[PDB]
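Listed here are the chains, written in short residue letters.
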Amino acid sequence: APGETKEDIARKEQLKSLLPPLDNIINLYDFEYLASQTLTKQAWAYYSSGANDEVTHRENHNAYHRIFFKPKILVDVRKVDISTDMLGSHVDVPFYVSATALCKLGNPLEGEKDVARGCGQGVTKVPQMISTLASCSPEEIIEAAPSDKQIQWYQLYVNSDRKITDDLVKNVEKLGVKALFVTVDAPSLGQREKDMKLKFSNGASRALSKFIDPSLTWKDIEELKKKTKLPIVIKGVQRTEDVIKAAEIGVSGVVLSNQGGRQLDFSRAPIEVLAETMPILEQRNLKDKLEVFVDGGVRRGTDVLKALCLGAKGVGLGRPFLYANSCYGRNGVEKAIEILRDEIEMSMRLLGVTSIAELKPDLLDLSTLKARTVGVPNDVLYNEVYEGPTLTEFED
Amino acid sequence: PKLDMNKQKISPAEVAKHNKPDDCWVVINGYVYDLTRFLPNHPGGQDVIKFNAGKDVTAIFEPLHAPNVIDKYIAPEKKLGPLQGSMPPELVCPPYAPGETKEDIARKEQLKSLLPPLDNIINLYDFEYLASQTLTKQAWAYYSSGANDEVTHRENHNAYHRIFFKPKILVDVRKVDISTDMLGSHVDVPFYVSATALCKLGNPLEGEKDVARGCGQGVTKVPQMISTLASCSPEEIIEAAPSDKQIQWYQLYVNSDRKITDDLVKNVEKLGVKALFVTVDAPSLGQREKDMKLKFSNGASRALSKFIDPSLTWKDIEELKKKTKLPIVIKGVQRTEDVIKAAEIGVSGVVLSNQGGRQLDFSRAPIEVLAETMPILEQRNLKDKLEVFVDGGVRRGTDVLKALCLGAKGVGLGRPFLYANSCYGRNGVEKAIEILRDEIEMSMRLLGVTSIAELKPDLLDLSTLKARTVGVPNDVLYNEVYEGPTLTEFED
Ligand code: HEM
Ligand SMILES: Cc1cc2nc3c(=O)[nH]c(=O)nc-3n(C[C@H](O)[C@H](O)[C@H](O)COP(=O)(O)O)c2cc1C
Ligand SMILES: Cc1cc2nc3c(=O)[nH]c(=O)nc-3n(C[C@H](O)[C@H](O)[C@H](O)COP(=O)(O)O)c2cc1C
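Residues numbered from 1 in each chain as written, not as in the entry; some residues may be left out. Chains lettered and ligands numbered in written order. Heavy atoms only, no water. Residues with missing side-chain atoms left out of burial classes, pairs and counts.

Focus: the overall build of chain A
We apply this condition: Secondary structure elements are taken from DSSP: a helix is a run of H or I of four residues or more, a strand is a run of E of two residues or more, and numbering for both begins at the N terminus. Restricting the calculation to C-alpha atoms gives the radius of gyration, and the globule rule supplies 2.2 Å times the number of residues raised to the power 0.38.
The secondary structure content of chain A amounts to 14 helices and 13 strands. Relative to a compact globule of 396 residues, whose C-alpha radius of gyration would be 21 Å, chain A shows 22 Å and is just as compact. Projecting the C-alpha coordinates of chain A onto the three principal axes gives extents of approximately 80 × 60 × 50 Å.

Below you can see the structure in the form of structure tokens.
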């Protein structure tokens, strides 16, 4: 606690349903606000933070905005269809809760259970990665799913102990789960400063966690494809050339990620990555060779749509659901599933197409995609004195 | 210093009569000195000694200059003779508090070990924030400011942000190696301490010495380039320095009295510093507004000083080269052609620097330069003729990294070690070091590489290097009118 000024009772009156009626809620940002000051300093830090200066973090969201829509007109759109298949499941929606370690932190009672409950409770059901570090037992989780259609997914951090892993691997292949997400981006953890900052007060490879095997490789991989039947997605790719390495070692999926930028500041945003990639995957003919996935930044229908439009087999969010959960639990979480589904939906029509398959790039103004500028330090001295036009008054 | 002479005598209200900065005598410690000559030529504005002339002064001189100061820069016969008795009070100078207010107590008692534990600091920025609350309205002023509209200084840093990474994945990075080597010696870390002047302002007490300490003492250890305008002597800073395998570099401002210089050099070469970095981007003293803005709440070329000689020229560097065994580095190059010229005279390296924005506002980011330049160095088959350095504005290891992949042999920080030393002294400095090295190692890891030679342009997303932008000066009236959307509530 101990940033926990008995103010846990500012927090308390807030949680203490100060929260609005879970349907006054309007977008994913709404969750996130309520989250930011009801959760614990400690939880909120863990969750919110990002690598160092938190550019890549923020950059991932913004890069969506170099991208604008060319939409399509007088296209009959009474009915739109928004579903698609991932790793040959077929899939309500085309986005996916994703793997968000320690939810017991903002959901003490329920944890990532409240998540699955969430992705299955509702007319809509969506996938789920299960962090290799949940607050819960894979079993404890994998069991609170209602619909037996709800799909489910293992993200896994290899180990040091090629044993413990070779165990969980099949331990989980035992319990159901339709694939493997190996999270390569995370040999060390990143220096998530908002965390450290209260984990006290309020040659140092102390920040390589040894759950993660900092020594992972393409062998260790081309291995594990053999030690299993499940498919494999390499979560955390960060360039073109690595992508091709999955393509060649012929694995299955990829996520273009950087862990919500919690990893390395000045990593690019995945949407940039996607965008340069996909088209190369035309000219090699590894075109269908590989499902590609994208994450982080994602807060709107539009975001998602854009991703798709660009190539994504499927798009992932963490935080949003992560807040969702921690304060309406599984209900919160499914409203989320609800929310984001509608944005996908209305936009789809205003966009002029009816199947996710119909989502091709030509629907995108992609001409500014690389306008990723840094302006010059505006002029302190002159702005300070300058003074602007003013609006007419009102009387007396 | 001292002198004594033997002979002369003198007086507690008749040398009170030279105050006219035309005719200038003063009394320092025991002794009396004719100024009139050196006046216009004295590093920190000339000015401050018009405004104090015909006094004692020790208040003012003592705690902020180098020792052997007199007995280096003045002739044996300005060294006039003893004061007999003293002088009366105003007519012996209280030092030296431009803008200070019995508030060096909001200050004092903030320093009031009120300052966090050194293990609390997490980046370079916090030193600077601390520093900024504790240092002296001038110590802050001076350390912190840059020329003019302060634009090259922010740009030096911001420029790093138009570079992004392309990291390598699945690479065994259990062990990584940030050491590298520089200019002949081999080094622990790929970056150094640039020279800063007067640290005794922020560390009134050991100044440049605690820096030498902070980079010698720990297990990771680092190159200190020493300023020709240190608060301490070099002798001091060099027999200050705790470690043997520690390494120290001299920065030269060449005097107009090319002798004084030639002695500086031979002497430093004897305490075996290891390189000389001749700083060339200060023929005039650039103009540091916030620092001026002090005096005034209390020429045309009052910015020259026979001290920093403003007429040094490649012939001069080429003639330096023959009087010395130390490798020469030219500090403050700002574009590709003067880099090649250095190459063509075969000096042994250059620093791309613009002194951290203090000199010429609208100098470039030395990052951007280095980018444009290095490849050029290739196409002239003049690749490794030349070690390239780079400074200004570097605040996180990713920065350092970005420069290394770019070709830099090495990178310098200035203020952060200053602010660090200032608040915290030698552990301050080391602590910084440590902070930085960790960042580097850690990101060097995330990037998918294990040693410094594997940093390379193939790791960088350069595609928006050049995107320095200026946005159209935009829309007070509309912005004023637009109400943006809004997040939901909680319920009273
Ligand atoms: C007599 C031989 C002297 C020598 C060799 C000398 C040398 C120096 C040097 C290297 C500096 C650092 C300034 C910078 O940032 O550019 C300095 C600054 C300073 N000097 Fe001296 N100085 C001398 C005499 C004096 C005298 C007579 C005074 C009378 C007060 C004086 C007062 C100061 C002060 C107050 C500063 C710091 C102010 C600032 O630049 O913000 N010095 N001097
Ligand atoms: C609080 C938190 C915990 C995370 N834990 C994991 C994890 O255990 N394993 C994993 O592969 N990704 C982890 N991630 C990364 C995500 O799966 C995902 O890449 C990310 O959140 C995408 O960005 P976004 O949150 O803004 O939507 C986590 C992210 C957050 C915010
Ligand atoms: C307070 C101060 C004093 C300086 N004095 C000198 C000096 O005497 N000689 C020199 O060559 N450079 C001097 N410099 C410039 C640097 O050595 C260096 O180029 C600069 O500090 C690099 O930028 P940074 O402070 O953003 O890291 C000084 C810089 C500062 C900030």
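Digging into the overall build of chain B
Looking only at helices and strands, chain B has 16 helices and 16 strands in total. By the compact-globule yardstick of 23 Å for 492 residues, chain B fits well, its C-alpha radius of gyration being 25 Å. Across its three principal axes, chain B shows a C-alpha extent of roughly 80 × 75 × 45 Å.

Remarks on the packing of aromatic side chains
To keep it simple, the criterion reads: The criterion for an aromatic pair is that two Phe, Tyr or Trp rings (for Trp, the six-membered ring) have centres within 6.5 Å, with stacked assigned to planes under 30 degrees apart, edge-to-face to planes over 60 apart and tilted to the rest. Relative accessibility thresholds used throughout: buried, under 20% of the residue-type maximum; exposed, over 50%; partly exposed, between the two (1.4 Å probe, protein chains only).
Applying the stated criterion across every chain, the model contains 21 aromatic pairs over all chains. Measuring from ring centre to ring centre gives 5.5 Å for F266 of chain A and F164 of chain B, while their planes differ by 55°; the resulting arrangement is tilted. Remark: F164 of chain B occurs in strand β4 (residues 164-165) and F266 of chain A occurs in the loop between β9 (253-256) and α11 (270-277); the pair is interchain, linking two chains. Residues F266 of chain A and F164 of chain B agree in their burial class; the two are buried. Measuring from ring centre to ring centre gives 5.4 Å for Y192 of chain B and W249 of chain B, while their planes differ by 70°; the resulting arrangement is edge-to-face. On the criterion of sequence distance, the pair formed by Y192 of chain B in strand β7 (residues 191-193) and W249 of chain B in strand β9 (residues 248-252) is long-range, its members being 57 residues apart.

Looking at the site of ligand 1
Residues and elements named next belong to chain B. Short version of the rule: Nearness here has a simple test: a residue counts as near a molecule or strand if at least one of its heavy atoms is within 4 Å of that partner. Pairing of N or O atoms within 3.5 Å defines a polar contact, subject to two protein rules: one partner must be a possible hydrogen donor and the other a possible acceptor, and residues neighboring in sequence count only if both atoms are side-chain atoms. Amino acids outside the nonpolar list (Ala, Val, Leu, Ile, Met, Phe, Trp, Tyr, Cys, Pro) and the charged list (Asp, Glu, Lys, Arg) are all regarded as polar, and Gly is one of them. Each domain's limits were defined by an automated method or a database of domain assignments.
The full set close to ligand 1 counts 15 residues, and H42, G44, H65, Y73 and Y142 are the nearest of them. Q138 is positioned with one of its side-chain polar atoms (N or O) 3.2 Å from an oxygen atom of ligand 1. Of the residues in the shell around ligand 1, the class split is eleven nonpolar, four polar and no charged. Taken together, domain 1 (1-103) and domain 2 (111-475) each give at least three residues to the shell around ligand 1, which thus spans both.

A closer look at the site of ligand 3
All names here are of chain B. Note the threshold: Here the Shrake-Rupley method, with its probe set to 1.4 Å, supplies the accessible areas, and only the displayed protein chains count as covering residues.
Lining the immediate environment of ligand 3, one finds 23 residues, of which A195, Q251, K331, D391 and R395 sit closest. Here an oxygen atom of ligand 3 sits 2.3 Å away from a polar atom, N or O, in the side chain of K331. Bound to the protein, ligand 3 loses 98% of the 610 Å² it would expose on its own. Counting residues per element, the ones that place at least two in the shell around ligand 3 are α5 (137-144) and α15 (415-446).

Topic: the pattern of salt bridges
As a reminder, the rule being used: Criterion for a salt bridge: a side-chain nitrogen of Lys or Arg within 4 Å of a carboxyl oxygen of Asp or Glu.
Under the counting rule described, the total for this entry stands at 55 salt bridges over all chains. Notably, a salt bridge pairs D291 of chain B with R288 of chain B, separated by 3.1 Å at the nearest N-O pair. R288 of chain B matches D291 of chain B in its accessibility class, with the two residues each being buried. One salt bridge connects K315 of chain B with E318 of chain B, and the closest N-O pair in it is separated by 3.1 Å. Highlighted residues: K315 of chain B and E318 of chain B, both in helix α11 (residues 314-320), separated by three residues, approximately one helical turn. A relative accessible area of 57% places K315 of chain B in the exposed class. Relative accessible area serves as the criterion here: at 28%, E318 of chain B is assigned to the partly exposed category. Through salt bridges with shared partners, a single ionic network connects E110, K113, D114, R117 and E140 of chain A.

A word on the packing of helix α3 (residues 41-48) of chain A against helix α13 (residues 319-351) of chain A
Residue and element names in this part refer to chain A. Just so we agree on the cut-off: Geometry is summarised by axes, namely lines fitted to C-alpha atoms with helices restricted to the contacting stretch, and by angles between N-to-C directions that run from 0 to 180 degrees. Note that the term roughly parallel is reserved for angles under 35 degrees, roughly antiparallel for angles over 145, roughly perpendicular for angles of 65 to 115, and oblique for everything else. Rotating anticlockwise by less than a right angle from the far helix to the near helix defines a left-handed crossing, while the corresponding clockwise rotation defines a right-handed one. Throughout, a residue-residue contact means that at least one pair of heavy atoms, one from each residue, lies within 4.5 Å.
Their axes nearest at 11 Å, the elements α3 and α13 cross at an angle of 160°. On the basis of their axis angle, the class for α3 and α13 is roughly antiparallel. Once α3 is placed against α13, the crossing between them reads as right-handed. Of the residues in α13, those in contact with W44, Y47 and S48 of α3 are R319, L322, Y323 and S326. Considered class by class, the residues forming the contact of α3 with α13 number four nonpolar, two polar and one charged.

Topic: the sheet that holds strand β4 (residues 95-97) of chain A
All names here are of chain A. As a reminder of what qualifies: The pairing criterion is simple: DSSP has to find at least two bridges between the two strands.
If you trace the eight strands from one edge of the open sheet to the other, you get β4-β11-β10-β9-β8-β7-β6-β5, paired in parallel fashion. In the strand order of this sheet, the two ends are held by β4 and β5 (129-130), each with one partner. With four bridges joining them, β9 and strand β10 (residues 291-295) adopt parallel strand pairing. When the bridges of β10 are listed, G253 appears paired with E291. Packing against the sheet, α13 makes contact with β4 and β11 (314-317), and its axis sits at approximately 175° to β4.

Considering helix α4 (residues 55-62) of chain A
The buried fraction of α4 of chain A is high, at six of eight residues. What α4 of chain A keeps buried is the set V55, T56, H57, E59, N60 and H61 of chain A. Residues of α4 of chain A that are buried sit in contact with α2 (28-36), α3, α11, α12 (301-310) and α13 of chain A together with β4 of chain B.

Notes on the interface of chain B and chain A
Interface extent is often summarised as the accessible area lost during association of the parts. Quick note on the threshold: Buried area, as used here, totals the accessible surface that two parts lose on assembly, with accessibility defined by a 1.4 Å probe and the loss added over both.
Residue-level contacts link 55 residues of chain B with 65 residues of chain A. At the boundary of chain B with chain A, total buried surface from both sides reaches about 5,300 Å², with 62% on carbon and sulfur atoms. Summed over the shared surface of chain B and chain A, the number is five salt bridges. With its nearest N and O atoms 4.0 Å apart, the salt bridge here joins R268 of chain A to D461 of chain B. At the surface where chain B touches chain A, the tally comes to 17 residue pairs in polar contact. For the side of chain B that touches chain A, the elements supplying multiple residues, two or more each, are α4 (124-134), α6 (151-158), β4, α14 (397-406), α15, β16 (468-469) and α16 (476-481) of chain B. Here the residues of the side of chain B that touches chain A are counted per class, giving 21 nonpolar, eleven polar and 23 charged. Relative to β16 of chain B, strand β13 (residues 374-375) of chain A is paired through two bridges, and the arrangement is parallel.

With respect to the coordination of the iron atom of ligand 1
All names here are of chain B. Applied cut-off: Water is not among the atoms examined, so metal sites may look incomplete; donors are the N, O and S atoms within 2.8 Å of the metal, or within 3.2 Å for Na, K and Ca. Tetrahedral means four donors with every angle between 85 and 135 degrees, whereas square planar (four donors) and octahedral (six donors) require angles over 155 degrees between opposite donors and between 65 and 115 for all others; sites fitting neither are termed irregular.
Summarising the metal site, the iron atom of ligand 1 is bound by the protein donors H42 (NE2) and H65 (NE2), whose distances to it range over 1.8 to 2.2 Å. Around the iron atom of ligand 1, the six donor atoms are arranged such that angles at the metal cover 71 to 172°; this shape is classified as irregular. Taken together, the positions of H42 in the loop between β2 (31-34) and α1 (58-61) and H65 in the loop between α1 and α2 (70-73) put the pair 23 residues apart, joining distant regions of the chain. Classification of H42 by relative accessible area gives buried; the value is 16%.

Here's the deal with the domain arrangement of chain B
Residues and elements named next belong to chain B. As assigned here, chain B comprises domain 1 (1-103) and domain 2 (111-475). Using C-alpha coordinates to define each centre, domain 1 is positioned 34 Å away from domain 2. Listed by partner, the interface residues are 19 residues for domain 1 and 21 residues for domain 2. Interface area for domain 1 against domain 2, summed over the two sides, is near 1,500 Å², with a carbon-plus-sulfur share of 53%. At the junction of domain 1 with domain 2, the criterion picks out one salt bridge. For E103, the salt bridge is made with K137, and the minimal N-O distance between the two is 3.8 Å. Counting the contacts that link domain 1 with domain 2 gives three residue pairs in polar contact. A class-by-class count of the residues in the side of domain 1 that touches domain 2 yields nine nonpolar, six polar and four charged.

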